[PDB]
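In the order they appear, the protein sequences are chains C and J.
When you line the first sequence up against the entry's author numbering, it's residues 25 to 95, 109 to 116, in that order.
Quick note: the second sequence uses the entry's author numbering, first residue 3, plus one each step.
Here a beta-carbon is modelled for each residue, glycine too, at the ideal position from N, C-alpha and C.
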Amino acid sequence: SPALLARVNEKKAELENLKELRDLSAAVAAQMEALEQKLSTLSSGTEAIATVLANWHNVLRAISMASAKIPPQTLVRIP
Amino acid sequence: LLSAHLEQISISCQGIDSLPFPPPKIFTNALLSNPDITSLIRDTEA
């Protein structure tokens, strides 16, 4: 009986530890959600610079087509 | 001597005036001096 009183005290300490672990795991997952948001923002910035490469790539090809002229209308696209 | 000097100067004259100096075989100038409707390049070779 008194030994079992000490046993339940051990279990009390264990439960306190477990509660802290549970709280920490919840906080961990919360941080993962926040992390995912920031990573999405990063990818957005990368997409922006991909747009920049699209600009210069079209520039280069447009010039090369004019530069490679070795033997029209004005219809273009103006968003 | 006499003809050597004459011939020397004539040689240099021929070699100098015959130098194919870069003529207006240029795009740049008209490209950004004649803002007109877009096309490839239209050197005003009139």
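Measure from the alpha carbon of C/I94 to the alpha carbon of each residue in J/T46, J/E47, J/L42, then state which is nearest.
To locate residue 94 of chain C, count along the first sequence from 1; it is residue 70. Taking each of J/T46, J/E47, J/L42 in turn and checking the Cα distance to C/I94, the smallest one comes out for J/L42.
Using a beta-carbon distance below 8 Å, is C/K62 in contact with chain J?
As a working note, residue 62 of chain C is residue 38 in the first sequence. False, the Cβ-Cβ gap to chain J never drops below 8 Å.
Measure the C-alpha to C-alpha separation of J/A6 and J/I28 and round it to an integer number of angstroms.
Residue 6 of chain J sits at position 4 when you count from the first residue of the second sequence. Residue 28 of chain J sits at position 26 when you count from the first residue of the second sequence. If you take the alpha carbons of J/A6 and J/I28, they lie about 40 Å apart.
For J/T46, the three-state DSSP class (helix, strand or coil)
Numbered from its first residue, the second sequence carries residue 46 of chain J at position 44. Annotated three-state conformation of J/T46 is coil, per DSSP.
So J/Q16 is in the alpha helix (DSSP H); what residue range does that whole segment cover?
For the purposes of this step, residue 16 of chain J is taken as residue 14 along the second sequence, with counting starting at 1. Residue range 4–19 is occupied by the alpha helix (DSSP H) that includes J/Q16.
Could you check whether C/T111 and J/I39 sit closer than 8 Å to each other, using their CB atoms as the reference points?
Counting from one through the second sequence, the residue named residue 39 of chain J turns up at place 37. Counting from one through the first sequence, the residue named residue 111 of chain C turns up at place 74. Cβ atoms of J/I39 and C/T111: closer than 8 Å.
Suppose the cutoff is 6 Å on Cβ atoms and the five residues either side in sequence are ignored; what does the same chain contact list for C/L77 look like?
The count along the first sequence starts at 1 and reaches residue 77 of chain C at position 53. Cβ within range, chain order: n/a, list empty.
Among residues of its own chain, excluding the 5 on either side of J/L34, which ones have a beta-carbon nearer than 8 Å to its beta-carbon?
For this step, residue 34 of chain J is matched to residue 32 along the second sequence. Cβ within range, chain order: n/a, list empty.
Integer-rounded CB distance, given that J/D19 should sit under 8 Å from J/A32:
Here residue 32 of chain J refers to the residue found at position 30 of the second sequence. Here residue 19 of chain J refers to the residue found at position 17 of the second sequence. The C-beta separation of J/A32 from J/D19 comes to about 27 Å, leaving the pair out of contact by the 8 Å criterion.
Between the alpha carbons of C/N79 and C/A90, how many angstroms are there, rounded?
Along the first sequence, one-based indexing puts residue 79 of chain C at 55. Along the first sequence, one-based indexing puts residue 90 of chain C at 66. Going from the Cα of C/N79 to the Cα of C/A90 covers about 17 Å.
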